[PDB]
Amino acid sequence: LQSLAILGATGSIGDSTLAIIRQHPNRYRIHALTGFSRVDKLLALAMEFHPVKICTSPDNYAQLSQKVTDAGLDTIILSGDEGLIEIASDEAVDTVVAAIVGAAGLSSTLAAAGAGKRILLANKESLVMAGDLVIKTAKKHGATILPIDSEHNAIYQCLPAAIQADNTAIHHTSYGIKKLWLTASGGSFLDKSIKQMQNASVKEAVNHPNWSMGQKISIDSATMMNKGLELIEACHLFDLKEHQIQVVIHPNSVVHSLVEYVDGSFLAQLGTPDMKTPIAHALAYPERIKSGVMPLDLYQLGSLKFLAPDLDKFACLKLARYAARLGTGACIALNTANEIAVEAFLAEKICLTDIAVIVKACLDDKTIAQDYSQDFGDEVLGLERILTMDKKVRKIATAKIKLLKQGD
């Protein structure tokens, strides 16, 4: 039985993954499950699946160990990055589902790559932060990356077999891949003024017309930073530069992305917007399996809309492409500044529209710019340099926010 370790098991992507597993018992073994703050949920999950290991936050280590023994479970409890890395590199784990949010997922994804694991990547921030190093390390050590991100899974499904195996084949012109097309819902402020976007409450920003997701990706969807990060993710996943990857607004969230070929064929994946489809595809690959989604009814669709991105209004997407052109240092600055600004938005400290301001200022910061030319792709010193650069951006983005609330 394919052995599974699920990182970020307590969150949104955690839920859909687990929902597939419950439809397919005796196909997968659950070896490990991780959470951070939701101890009780993690416990509940441990009692249900009886995993060999689980990992929680350092502040919940003791408490969770006590509850686990009180429940009479044989399960090992771990904590912090330490435990994630152990689980990600664990010898008895066949497949790792990387669904931790944000930079926090970086070390363990990198560890699964280092251990030659089959990796199901939801955690898009870890490739924005360290794409060169992640991919290099995977190839070096024989790890496989299947994308879980909906768009990237669509693109992956719509690419030839040879290129799924080896992303570099995309540059052989026989295959005739011309460009990739990323679809974006345009989030909940697509048909709203800039005025209403400033005034947005958190409830308005966090809720999405078509998708039910984690908090952060919800805010990113509203600002369109999500597509920005997806732009960089696609770059590393399919070994392209930003010029080969374009973006179309599509509010229905039915078409999930396209690959354009030289003969004029656009191969696309369509589906009801539900992460169980991409997750199910990646779990069973090369096979397929029922996912438990309510399949798309083509008779009841109506009009699928398409539209050019309004880049004044969704400057995050502008900035993301700008950063993609500058390389990894600027992609770290993009991502981390974004994490800090989103935290500030959710904490009712800035306006939704200030997220773009903060992120520009950090991209255009001289102190940050100085780091834009290091070897973040170095297999021995690269990690240390990404984590250091991350700390610096957190410091400056925070300062930037303080400054903005008065004047610069």
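Quick note: we count residues from 1 along the sequence shown, nothing fancier.
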Which has the higher mean CA temperature factor in the PDB entry, 272 to 280 or 138 to 146?
138 to 146
If you average the CA temperature factors as listed in the entry, which stretch comes out higher, 365 to 373 or 37 to 45?
365 to 373
Hey, out of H236, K203, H152, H250, whose CA B-factor is highest in the deposited coordinates?
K203
Residue, from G105, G292, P209, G83, that the PDB entry assigns the highest Cα B-factor:
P209
Quick tally, chain-level thirds of C-alpha B-factors: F266 sits in the lowest
On the chain's distribution of Cα B-factors, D312 falls within the third called highest
Chain-wide C-alpha B factor ranking for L258, given as lowest, middle or highest third:
lowest
Split into thirds by Cα B-factor across the chain's modelled residues, where does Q66 land: lowest, middle or highest?
highest
If you rank every modelled residue in this chain by C-alpha B factor, which third holds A324: lowest, middle or highest?
highest
